[PDB]
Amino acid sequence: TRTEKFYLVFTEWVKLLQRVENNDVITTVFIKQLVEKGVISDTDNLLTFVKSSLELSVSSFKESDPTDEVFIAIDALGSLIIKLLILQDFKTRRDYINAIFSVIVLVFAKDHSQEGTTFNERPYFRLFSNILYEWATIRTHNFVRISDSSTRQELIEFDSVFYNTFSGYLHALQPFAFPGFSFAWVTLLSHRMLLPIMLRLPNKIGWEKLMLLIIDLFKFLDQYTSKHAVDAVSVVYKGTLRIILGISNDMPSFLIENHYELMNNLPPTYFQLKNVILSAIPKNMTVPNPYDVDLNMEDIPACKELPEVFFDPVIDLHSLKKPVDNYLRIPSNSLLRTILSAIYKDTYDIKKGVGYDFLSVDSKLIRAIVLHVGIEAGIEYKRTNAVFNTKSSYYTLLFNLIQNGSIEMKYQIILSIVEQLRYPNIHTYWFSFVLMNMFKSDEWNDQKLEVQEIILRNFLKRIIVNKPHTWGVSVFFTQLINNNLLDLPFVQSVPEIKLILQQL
């Protein structure tokens, strides 16, 4: 008669929410009178009640006709959960929310993976969306709708916990783990009562879990997208692109300050999405016409500012950190030699493909080193002169990394460098200087034309694609057509790219 107790309780709840408004004090009296009886006080009773209500609600969805309200029980359940969080005294609230999410994802998993499955993603999606809405509705204006000032303060403190918990479970519900939920999952990632809030929690405490989720997405895309592997996945890409566009519009600093991890996990053939992420521009900045031939970054204050980096790439340099910093601080040729050897030893990896192993360049590490050199360069410039110089440790380190590297090594270095050409800031400026000097350098050991072709390639990848183009790339390319191109031998060797060039 305990099963019947929980079933009847939930049924009565559903009937009530179809008769009175959600905020009706009759509801509050219901929950408090529910909690006086103690029928869900003890842990097993609570887990059993949430489980049974969940199963009944999902079944209710399944056995309803589309013309009905198929989410009634689900909707009521969302309300009941958040009201159970609000209207109780908590000695432990994190333990509660964690328990409830646990029950949900457990029932979810069994519904999804079992043999004769009749799984639908929608009722669970609806459950999560509703939870999001309910919390969104009670949280407005620092939980002002909560009467007790103590309880109010408690919820205020709990807010961030709520969102990072939700995100944690959402993370565990990612496409790799539960493909049958994928689209719903993606929708939840960009839910209007999840993404804009976690983009905006104070001191960026929402950014990490967001990046976790976005990385999950990118990885899922990369696994099932190649140049040859041409479908559902493409649909998922399209949605992703929409989401990233929204983010670029609303919170560009999120795309700007996470470009390292975002590039580390982004599929290499997603040219457009790469440009979209790197074209992000801080909210109230207006950029100069990038095609202005008479442009000069010396005459732009913005080009002297240091961009923010949410995750310091130096971590990913591991032991290399200490030597690389040494050489940058006070350069010498023997130290240069040593760290070149160290870097090479770490960047030339053996990757395990299917049926055979092969040599592989550690492109993530390369990006980390290039970004690190850029950051330290910008910092040295702010400290103050000798940073925009060929003799400088930063330029020399990148130069010699390219010079003594394999063709793949060269291409990767130059790629990460071009990635750093974004909005007007000190990185875009300095790396443009670096690139141009490399293009014009007379210090290449019989690899001048190779470097030039690699550079030119890395730019055509960024401009012969549809808009957006990043500011620095449009600028650099403009300076490239109007300096000291078609006379280059390797450009003549190919008529197809020669033509696209000729349009320019």
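Residue numbers here begin at 1 and follow the sequence given.
Missing coordinates between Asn484 and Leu485 amount to 1 to 3 residues of the deposited sequence. Unmodelled residues of the deposited sequence between neighbouring positions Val230 and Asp231 number 1 to 3. Set 145-153 against 305-313 and average the Cα temperature factors; 145-153 ends up higher. Relative to its counterpart among 120-128 and 291-299, 291-299 has the higher mean temperature factor, C-alpha atoms as listed in the PDB entry. Among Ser341, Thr347, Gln88, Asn404, the highest C-alpha B-factor in the deposited entry belongs to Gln88. If you compare the C-alpha temperature factors of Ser393, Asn284, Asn400, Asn249 in the entry, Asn284 comes out highest. Among the modelled residues of its chain, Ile455 has a C-alpha B-factor that falls in the lowest third, as given in the PDB entry.
For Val14, the recorded CA temperature factor ranks within the lowest third of the chain's modelled residues. For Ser332, the recorded CA B-factor ranks within the highest third of the chain. Only modelled residues enter the ranking.
Among all modelled residues in this chain, the alpha-carbon of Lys321 has a temperature factor (C-alpha) in the middle third. Among the modelled residues of the chain, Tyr381 sits in the highest third by CA temperature factor in this PDB entry.
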